[PDB]
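Structure first, then comments.
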Amino acid sequence: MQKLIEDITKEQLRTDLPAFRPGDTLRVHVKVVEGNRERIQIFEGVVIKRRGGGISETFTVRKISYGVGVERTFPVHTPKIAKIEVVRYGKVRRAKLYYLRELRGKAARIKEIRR
Amino acid sequence: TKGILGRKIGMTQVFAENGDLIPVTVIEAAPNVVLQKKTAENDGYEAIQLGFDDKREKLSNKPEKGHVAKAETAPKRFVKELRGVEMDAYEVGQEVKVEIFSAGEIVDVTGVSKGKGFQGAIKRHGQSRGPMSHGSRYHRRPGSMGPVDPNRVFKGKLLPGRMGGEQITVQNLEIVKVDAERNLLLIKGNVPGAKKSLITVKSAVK
Amino acid sequence: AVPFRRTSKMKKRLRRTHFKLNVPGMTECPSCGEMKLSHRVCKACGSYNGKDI
Amino acid sequence: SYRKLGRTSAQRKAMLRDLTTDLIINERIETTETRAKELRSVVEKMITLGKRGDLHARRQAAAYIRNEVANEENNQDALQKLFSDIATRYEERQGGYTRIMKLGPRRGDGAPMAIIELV
Amino acid sequence: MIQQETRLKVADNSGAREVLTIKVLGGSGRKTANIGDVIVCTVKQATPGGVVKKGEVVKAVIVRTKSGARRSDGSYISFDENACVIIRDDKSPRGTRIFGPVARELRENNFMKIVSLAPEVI
RNA sequence: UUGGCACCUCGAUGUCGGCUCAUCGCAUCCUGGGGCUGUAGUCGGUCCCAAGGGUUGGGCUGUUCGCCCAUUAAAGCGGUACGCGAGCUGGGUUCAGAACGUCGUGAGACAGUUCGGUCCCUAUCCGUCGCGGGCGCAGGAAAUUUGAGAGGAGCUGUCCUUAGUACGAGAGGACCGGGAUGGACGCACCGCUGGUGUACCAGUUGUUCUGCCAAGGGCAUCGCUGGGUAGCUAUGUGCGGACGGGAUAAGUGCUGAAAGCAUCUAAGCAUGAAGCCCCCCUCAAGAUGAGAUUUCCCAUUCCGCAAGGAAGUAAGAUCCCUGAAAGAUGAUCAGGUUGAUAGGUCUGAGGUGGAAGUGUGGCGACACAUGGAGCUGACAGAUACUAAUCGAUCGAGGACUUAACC
């Protein structure tokens with residue numbers, strides 16, 4: 001039956017996307033609406049987490065802004081995201097980087113891999 | 001008034017001309033068929049039956065076979081009965097499908113809740129527990145049974161028992177999508193019951 | 001937490017109605033004849049489903 | 001789901017492990033039926049590993065099974081027996097490497113015993 | 001999912017640094033108030049004697065949590081702390097600046113003043 | 001309530017407060033509907049009808065009560081052995097110790113104080129909540145159903161508009177009617193968020209074992225740590241309490257006499273509430289008043305004068321077996337060889353995170369490639385490989401009278 005689910009959700013799935021990994025720095029040009037004036041906003045951070053199947057796939061990006069740690073979770077296949085773009089991959093040994101929640105100050109740094 | 005009945009499959013997410021998610025429930029309603037068309041002259045009320053299956057003959061029985069053989073169809077497993085609808089519209093042997101509905105009609109849906117088993121007062125009736133410390137030997141228990149004067153226990157005092165398996169309705173849901181080629185409904189939200197289970201859908205009783 | 005009264009013979013028996021044993025689900029041993037449990041092995045024939053162990 | 005068998009995780013693992021070894025050796029054993037039901041899966045699983053015959057599978061199956069003899073006069077152990085003999089037996093079969101014939105109950109337990117075989 | 005006896009930190013140049021919660025100004029018994037919500041509070045740690053002071057009762061607005069917020073698109077947002085901002089008997093602040101980022105749910109509620117004061121809104 | 005009397009109880013009726021559990025009254029705290037007003041409006045006072053629902057969290061005190069802080073639409077008064085200790089606690093009162101003040105010659109004593117001080121019981125009956133079996137319901141069966149009747153639910157704010165209108169000198173600031181969004185409560189569900197997840201994955205310490213290296217196993221709270229599928233879950237998601245009808249309460253009245261007038265009343269007419277009956281949801285034919293509809297089976301054999309009995313069966317169901325969406329057990333449901341019920345196998349999903357071995361670089365720890373690898377419990381799709389074998393049991397023959405068709 002999950003076959004059936006995939007059959008009916010393949011339309012809302014996307015193909016514009018790169019492959020990204022938990023642990024890699026990444027910008028996203030998400031869309032926003034204020035006064036009927038649509039705009040974009042660039043959320044640039046590191047991927048803590050990616051999970052889910054097909055349309056329910058979800059991923060979390062973490063950042064620091066004005067000394068404050070921020071996390072922002074998105075479902076993958078939104079139309080609301082105009083685009084995503086990697087800036088650097090990362091040599092990481094895990095899938096879910098919940099220790100970076102705690103850490104910062106040049107210990108929360110990811111060794112680039114140049115994939 | 002309208003109505004249909006099919007089988008639940010599962011849940012997922014769907015967008016709506018936006019980034020706006022929708023938690024969706026998925027139902028397959030292979031084309032249901034009329035079986036009998038009741039009347040106030042003989043049956044005391046106007047109503048119809050609907051069958052939803054295609055059983056094996058090794059599973060069905062003779063009386064079922066006759067009762068359906070009034071129509072030109074096969075024995076059915078999930079047969080139920082709709083009430084208070086237009087009668088002249090329908091006939092016997094008449095199939096009904098999902099293209100009845102559309103992508104914005106509201107609905108009352110009905111099913112059979114999951115079986116949770118012999119559970120206690122808290123999980124069954126939402127009671128509060130006692131403290132887990134400060135010397136208490138009391139928790140997870142239902143409470144007092146009542147006062148002393150009547151020498152008895154009133155009815156309706158709530159207690160453990162087989163939680164689940166109840167016929168439940170959910171009102172004012174909203175249809176999201178239809179796939180008549182796959183005989184599928186996609187409904188905003190969640191319904192009672194487990195997967196593979198019967199679900200009777202109805203035009204909402206506003 | 002104790003019996004306020006002694007239980008009478010009648011109610012004792014009425015309780016012990018259902019306290020009883022059903023017979024087994026029994027079948028013959030088609031090999032050497034005698035009886036047997038369904039879906040289980042004939043201890044004396046040492047046979048099952050037309051096959052000896 | 002899966003059964004517990006009135007034991008903890010560790011000691012049920014040990015039970016099943018010993019029983020797998022015993023069955024590989026003897027090719028037939030009498031136990032309770034439920035224990036057999038729970039064997040059936042893992043036993044056919046180790047047989048898949050034998051059918052693979054890879055070293056990775058050898059090391060997996062070694063991690064599971066116990067270090068016992070399966071045939072004297074050969075210095076053979078259960079693991080070698082498994083791979084060689086049983087994979088050579090069941091090159092061609094796809095699952096269903098077992099039979100579970102129910103026996104009647106036991107005198108002390110009233111426990112429904114049953115034998116289990118490699119077919 | 002803050003509640004009473006939560007200790008938060010302030011995000012303005014008012015003179016208060018740490019604060020404690022007494023109540024959510026919702027209904028009869030409201031247990032929690034995630035973001036864009038209002039609370040009654042006391043100061044526990046403050047600066048030297050600026051505007052707001054130790055042991056002073058106020059009411060304040062929440063601007064961020066780590067019990068993050070949800071959005072209709074499924075885009076959720078959580079931060080690494082739980083912070084607030086103080087107001088003046090109205091939806092307007094009193095501190096003249098803001099320290100830290102803020103969410104977009106403060107336009108649903110009409111705290112557009114605070115939104116303008118902010119450096120960033122997310 | 002303080003009390004008075006001593007009627008049951010001293011062959012034991014456990015006593016304050018608190019927790020859980022609620023329930024009833026209404027002399028109503030809020031919400032609803034009205035009269036009067038020293039009611040301009042907004043807010044109010046008082047009185048009347050209304051008990052459907054709701055009626056906060058903290059500090060101090062053992063406390064009840066009470067004061068205080070901050071909220072709320074409101075923070076109601078009481079009864080139920082000052083409800084509820086075979087349901088909990090046991091802080092206080094109210095045993096034995098010790099101490100202060102005071103009294104007493106003294107032993108000791110104090111509704112004076114202080115510190116500390118064992119709360120037993122496998123539920124027989126009724127009762128309550130759930131679950132099965134038996135029989136009945138003038139033949140035997142499978143399904144769908146009616147609805148007497150029962151239970152549930154039943155709360156409320158804020159904002160916008162009307163309209164800064166009406167009112168007001170101004171400050172200020174509406175009724176009604178529309179619309180949106182919330183709180184608490186409840187139902188369901190896991191697609192999201194998160195949790196758990198002890199036969200999933202990885203890392204890692206000590207020791208020991210597989211002859212040694214490598215690779216692995218055992219024990220150490222699952223050894224610890226980081227994640228985590230299914231399922232179960234809330235804090236998460238969805239949804240609801242809406243539209244409305246009928247008859248009424250207080251109230252308002254119309255017409256109208258008795259009583260040439262007046263009069264809501266006697267005749268006769270109509271309005272009028274969160275309330276009553278319905279509408280909404282659930283259970284429901286043991287509703288012994290046992291219902292209705294559709295479909296299946298046939299009216300066999302032996303005795304027995306008949307009455308009636310047994311003894312093989314039909315339709316059909318079960319024993320037994322595989323199992324779970326179900327489940328304490330029974331039960332329910334899906335299946336039982338012309339079949340995918342479960343396991344296994346193969347594909348996958350998802351989870352973990354880049355296996356072992358080999359090679360290269362490095363003195364080495366180790367890193368890189370082989371290679372999104374390897375592994376994977378329950379998840380879904382196929383697959384007749386294994387096990388659901390062969391059997392056996394039960395199960396109808398359909399009373400009489402009357403009326404109508406015949």
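Expressed as a whole percent, how much of the Cα-Cα distance distribution for chain A exceeds 24 Å?
Considering chain A, 32 percent of its Cα-Cα pairs are separated by more than 24 Å.
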- Task: Provide the three semi-axes, in whole Å and in decreasing order, of the ellipsoid equivalent to chain D as defined by the square roots of 5 times the Cα gyration tensor eigenvalues.
- Result: 25, 16, 14
- Query: Where does the charge balance sit around A:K83 when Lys and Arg score +1, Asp and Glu -1, over other residues with C-beta under 15 Å from its C-beta?
  - Reply: +1
- For segment B:12-59, go through all pairs of different Cα atoms, get the mean of 1/r, take its inverse, and jot down that Kirkwood value in Å. 14.7
- Message: Students often forget the sequence filter, so: which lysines lie under 24 Å Cα-Cα from E:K44 once same-chain residues fewer than 8 apart are removed?
- Response: E:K9, E:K23, E:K31, E:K53, E:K54, E:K59, E:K66, E:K91
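Report, as an integer, the average count of C-beta atoms from other chains found within 10 Å of each Cβ along E:74-86. All intermediate terms of the calculation are to be shown ahead of the outcome.
Details: counts 14, 12, 7, 7, 8, 6, 9, 2, 0, 1, 0, 0, 0.
That average works out to 5.
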- Query: Any idea what angle helix D:55-64 forms with the longest principal axis of chain D, computed on alpha-carbon atoms, 0 to 90 degrees, nearest 10?
  - Reply: 30
- Under the helix-only model (-39500 (n - 2.57) for each DSSP H run of 4 or more, divided by the residues of chain D), the mean residue ellipticity at 222 nm, to 500 deg cm²/dmol, is -14000 deg cm²/dmol
- Message: Would you calculate the convex hull of the Cα atoms in segment B:115-201 and tell me its volume per residue in Å³?
- Response: 169
- Note on the structure: Low-density loop trypsin sites (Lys or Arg not before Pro), segment B:38-102, at most 13 other Cβ within 10 Å, DSSP non-H/G/I/E/B, are B:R56, B:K58, B:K70
- Task: Give me E:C84, C:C32, C:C42 ranked fewest to most by other Cβ atoms within 10 Å of their Cβ, as a rough exposure proxy.
- Result: C:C32, C:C42, E:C84
- Mind checking A:62-72 for the average number of partner chain beta-carbons within 10 Å of each residue's beta-carbon? 6
- segment B:46-104 - Rg over Rh from alpha carbon coordinates, Kirkwood radius: 1.01
- Can you list the GluC sites (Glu not before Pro) in segment E:34-112 that are in a DSSP coil and have 12 or fewer other beta carbons within 10 angstrom? E:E108
- Message: Considering only C-alpha atoms, what is the centroid distance from segment A:49-115 to segment B:64-138, in Å?
- Response: 43
- Note on the structure: So the angle from the long Cα axis of helix D:9-26 to the longest Cα principal axis of chain D, reported in degrees to the nearest 10, equals 70
- Message: With the cut-off at 20 Å, tell me which of the pairs B:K123/B:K196; B:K114/B:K177; B:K55/B:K80; A:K80/B:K195 have Cα atoms farther apart than that.
- Response: B:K123/B:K196; B:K114/B:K177; A:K80/B:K195
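Please state, as a whole number in µm²/s, the translational diffusion coefficient that the Stokes-Einstein equation yields for segment C:2-53 at 4 °C and 1.567 mPa s, with Rh defined as the Kirkwood radius across alpha carbon pairs.
Taking Rh from Cα pairs, D becomes 91 µm²/s.
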- Neighbour-count ranking [beta-carbon atoms within 10 angstrom, fewest first] of C:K11, D:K102: C:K11, D:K102
- Query: About its Cα centre, how strong a charge dipole does the protein assembly as shown have in debye, to the nearest 20, once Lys and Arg get +1 and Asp and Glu get -1 at the Cβ?
  - Reply: 3160
- Query: So how many Å³ per residue does the convex hull of the Cα atoms of chain E work out to?
  - Reply: 100
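If you wrap a convex hull around the Cα atoms of the protein assembly as shown, how much volume per residue is inside, in Å³?
Working: hull volume 216.3 nm³, N = 615.
Here the figure is 352 Å³ per residue.
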- Coil-residue chymotrypsin sites (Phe, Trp or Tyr not before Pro) of segment B:83-120, DSSP, other Cβ within 10 Å capped at 16: B:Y90
- Taking every pair of alpha-carbon atoms in chain B, what share in percent sits in each 10 Å bin, from 0 to the bin with the longest distance? 8, 25, 26, 19, 13, 7, 2, 0
- Cross-link table B:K58/C:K43; A:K3/A:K63; A:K31/E:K113; D:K45/D:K102, entries beyond 32 Å C-alpha to C-alpha: B:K58/C:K43; A:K3/A:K63
- Local net charge near B:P192, Cβ-Cβ under 13 Å (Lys/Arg +1, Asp/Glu -1): +2
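Within 10 Å of each residue's Cβ, count the other Cβ atoms and sort B:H134, B:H67, C:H39, A:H77 from fewest upward.
B:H134, C:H39, B:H67, A:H77
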- Item | Derived scalar couplings ³J(HN,Hα) [segment C:22-28; Karplus, 6.51 cos²θ - 1.76 cosθ + 1.60; whole Hz; x for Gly, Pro] | 6, 6, x, x, 10, 8, 7
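Computed from the coordinates by the stated procedures, all read-outs in this text should not be read as laboratory data. We place every Cβ from the backbone using ideal geometry, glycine too, and count neighbours over all the protein chains shown.
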